[PDB]
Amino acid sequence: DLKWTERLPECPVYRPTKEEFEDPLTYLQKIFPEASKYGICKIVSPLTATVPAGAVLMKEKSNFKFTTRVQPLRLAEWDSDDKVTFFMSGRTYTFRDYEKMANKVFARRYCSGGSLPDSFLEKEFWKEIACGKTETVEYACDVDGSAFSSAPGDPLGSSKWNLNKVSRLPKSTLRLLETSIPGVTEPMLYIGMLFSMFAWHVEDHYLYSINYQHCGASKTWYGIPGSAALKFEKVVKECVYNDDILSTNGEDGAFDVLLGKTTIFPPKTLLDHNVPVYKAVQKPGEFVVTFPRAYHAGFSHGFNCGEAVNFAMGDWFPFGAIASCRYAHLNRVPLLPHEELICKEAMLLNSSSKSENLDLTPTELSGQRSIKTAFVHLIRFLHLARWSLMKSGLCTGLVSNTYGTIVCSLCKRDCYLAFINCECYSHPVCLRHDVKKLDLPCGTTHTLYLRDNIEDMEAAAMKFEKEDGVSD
C-alpha cells in the first residue's frame, strides 16, 4: 500500500566544508563510528566541478559511445535463457541521444519530461514493479571511462575525491595490488533512465563502494547495516520460501544466486521482519558510500550519470576474511589476494613504529589491530601446518616461492605464503589439505613453495602477538 516509503528512516548525511573534505578514506575514518552503524551514508561535496560531466565526456574524450544492457523489471518472471538474451539486446548510444531517448520515454509516461517529486517516483517505481506492464529498461552499467575532468583547474577533478585517485590513496588497502580489476582499481561509469535499478546485493569480497552522481535525476538507495547482513539473508530465505518474495524455487544453491532470481523486493518486507533499512536519495554533487557487507538496492528517477569504485581500508580486513571463507565454501575463486594484502600491510606496519604510534585515529588504529590480528593468525596456522607437513615426510621438496598469489586447485583459496606443488605444475594446493589423501595423476612427489622471507614475517608476528589490542 506504500505508506512505508516515506516512513523509512534516512541514512546519515554529511556536509563537510572544503577543509574537512580531505580525502574520502581519511574522512570515512573520521565518520566511521557513526556511519558504519547504518551501512550507507551520503556526503555532499563542498567542491564543484568546473567542466561538467557532459562536457568532459564530449570534449575531453574522443567519440565517447556506450552500449546498454536490457534489464527486466520483474527478474523472477524470466528463465535463464531470456536473461542472457536481455544482456546482449542493448543498443549503442551517445550520451546526448541516450539522454533524449530517456526523456522521450519519460514524457510518454507522464506527459512531460520534467523531473517529478521524489516521493511520487518512488511510489511509481514500486507500484510498477508490483503490477506494471513495462517489461524492461535500458541502462549502461560497468562502462569504462570517467566524467571527472582531467583539467588542472577543476576543484573536483583535481581533488582526492576524484574517484580515479581513490584506489591509490595511502589508506587504500588495494593500492598494493599489482593487477588491474575493473570497478576495484578503476572506477566505472553508470548511465541510467527512469526505473533502471540495482537489485539487492553486497559488493564482491565485501568491499566498500563509493558512488558519485555527476548529473541528472535523483537516485534512491536502500541500505542495510553490515551488522544485519545475516539477518537480511535469513529473512530473505524465509520470504522467498513462503513466496513473500517472488522468484523461482531455490533448489538450494547459494544466496548469491538465489538473489539473482528474485524480482526486486521492497524494503517493507524486511521492515516487517525487523531488519533495519535506511534510505538515501542522491542528487548530482553527492557521494554515497556503502560499508563492508552492507546490502543495498536502488533505482533511478530518470536520466542520470554516476561513477563508482570499490575499495578497502584496514577496518575491512575482518570482513574480507569472512568473504574468503564463503568463497572457499562455495568453491569459487576469490576476487582479491587476501593473504597477500594481509602480509603486505602487516610487514609495512612492522617496518615503521613512529608514524603510527603518535597521531592515530580510533578507526585507523582498529584497522591496524585487525591487520596485525589477521597476520598473527595466518602465520600461526602456517607454522603449525608446516610443522605437521615436515613431520609427515610426505612433502620432500622445498622451493623458495617468488610467485605472486596462486589459486589452490581444490578449494580455490588464494596462496601467498605457501603452497604444495605437484609434479606437473597444474595441481597446486593450499596447505589446508591432507597430503596423504591427494591422488594426483602426475605422481606423489610434493614440493612446498614457501615465501623467501618467512622468518622475518614470523618475527613480525611474534612482536605483534605481545602488543595490547592484538588479542587472539
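One-based numbering along the sequence shown.
- In this crystal structure, the stretch out of 389 to 397 and 236 to 244 whose C-alpha atoms carry the higher mean B factor is 236 to 244.
- Higher mean CA B-factor, judged across 252 to 260 and 89 to 97 from the recorded values: 252 to 260.
- As recorded in the PDB entry, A76 shows the highest C-alpha B-factor of the residues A312, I224, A297, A76.
- Highest CA B-factor among the listed residues (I31, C415, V435, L57): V435.
- In this PDB entry, the Cα temperature factor of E339 sits in the bottom third of its chain's modelled residues, the lowest group.
- Among all modelled residues in this chain, the alpha-carbon of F106 has a temperature factor (C-alpha) in the lowest third.
- The deposited CA B-factor of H214 belongs to the lowest third of values across its chain.
- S370 sits in the middle third of its chain by CA B factor, as recorded in the PDB entry.
- Ranked by Cα temperature factor within the chain, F265 sits in the highest third according to the deposited record.
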